[PDB]
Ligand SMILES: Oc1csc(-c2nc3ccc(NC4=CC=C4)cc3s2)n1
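Let's start with one chain on its own, the form deposited without this ligand, as structure tokens.
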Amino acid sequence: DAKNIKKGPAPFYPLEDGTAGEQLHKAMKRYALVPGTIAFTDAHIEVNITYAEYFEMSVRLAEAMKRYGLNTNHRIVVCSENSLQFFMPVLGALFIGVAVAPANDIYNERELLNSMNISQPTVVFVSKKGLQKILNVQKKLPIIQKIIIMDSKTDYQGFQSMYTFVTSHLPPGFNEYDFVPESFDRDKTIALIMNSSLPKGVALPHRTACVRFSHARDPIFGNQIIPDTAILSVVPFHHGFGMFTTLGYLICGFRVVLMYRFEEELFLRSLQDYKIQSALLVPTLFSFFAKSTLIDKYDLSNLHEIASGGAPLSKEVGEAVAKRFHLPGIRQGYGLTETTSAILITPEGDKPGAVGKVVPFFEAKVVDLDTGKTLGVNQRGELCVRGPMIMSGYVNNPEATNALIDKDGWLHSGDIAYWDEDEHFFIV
């Protein structure tokens, strides 16, 4: 009964062709050509980096990695707290088809080795403060040939920075605006290898990012592209919420204001002073802001939304946070690392405490817990989802993959849900 399979509507804008790197290159080149357009802002040190600067350096890294010898057969790791520099190697790799494996920068040293043992990187990009951890891992994974320091201009402790690495490998006369990103099969070529909440590696083809880019610009399931839009992001860039919201914001030309350490006054003062339209919180920051009383001391009249993304809020906490911030509700999402980003999303302007509706290109159902039979309206069962952001598989673990994703391609989320007459989903 097709009536019991919830289907996303058609996207406002048709899904664009090209790899994720080709799509990001094209958008970012355009914003690059408008001087003064801000890509990222570091709320702690107050520095802005423009799209022209971001574009040029990402293109330069792409060419430098290509000349060094990286191709679709290689992976890199990015291991860094949130920073102005984080996405530079991410974008450069995407531009040339090299898979990016972000490693949680507060992983203890065992968890870190586990993650890099699965991703098997040839090159590691790390912040200064992560260098010692990476050196210790490298003693055990000889495949790591080269370590490049992200938040330095000169060489740092005998290692090249991104800047000196680029200079070592760029051809004479290199022109950032003549560069053409690589073209490859976006279904077979892996864009990201993300870690599971021992964590596994989740392989995500370029296709899954391309679909995210359609949602991110969707006026219903995303944010409308409006000039001078600014986002405050406190979520980790190495995890799917931060990774795939930020890439979408770059596609949209927005200003991404970041923090790498949560503080109450800096956060609220940043919302006010950067006239943030949209803020992203990790889940336990919601319980925090339900307790905060300082909110009313700031002018937050440009704030239109607070988004929890993949992570599902209790109906009570979501309500208490919306109230504190004088908002009609929270822009919720439900997703997993395994679905790339949110595949249920609160449609713009529209149900307490629904998590949202099925995104374009996807289908969702709920099934009986004993039997697997599809259930009807208002009936509680296991949420299953199907669509082109589902991971291609856990790296080198077909058994955990087949345990999660059945033979018809339904991913079994492990969560309990129901959908209603309006097709809003509720996570119980």
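Numbering starts at 1 and runs along the sequence shown. Shifts are known only where both forms have a C-alpha. Only the largest set of C-alpha atoms that superpose within 1.5 Å between the two forms is called the rigid core.
Just so it is clear, the following notes concern the form solved in complex with this ligand, a form of the same protein that is not shown.
Judged by the 2.4 Å clash test against backbone and C-beta atoms, the pocket of this chain is blocked once this ligand is superposed from its pose in the deposited complex, as three or more ligand atoms violate the cut-off. Three-residue candidate spot 240, 245 and 337; every residue lies within 4.5 angstroms of this ligand in the deposited complex by at least one non-hydrogen atom. Think of it this way: in the deposited complex, this ligand has a heavy atom of just one of 85, 115, 332, 80 within 4.5 Å, and the residue is 332.
For the candidate set 130, 309, 92, 181, a heavy atom within 4.5 Å of this ligand in the deposited complex is found for exactly one residue, namely 309. Heavy atoms within 4.5 Å of this ligand in the deposited complex are found in exactly one of 340-348, 163-171, 319-327, 133-141, that being 340-348. Rigid core superposed between this form and the one not shown, residues 113, 220, 311, 303 considered: the one with a C-alpha shift of 2 Å or more is 311.
The pair residue 309 and residue 284 is tighter in the deposited complex: their Cα-Cα distance falls by no less than 3 Å compared with this form.
Look at the core-aligned forms between this form and the one not shown and you find a single run of 3 or more residues with C-alpha shifts of 2 angstroms or more, at 309-311.
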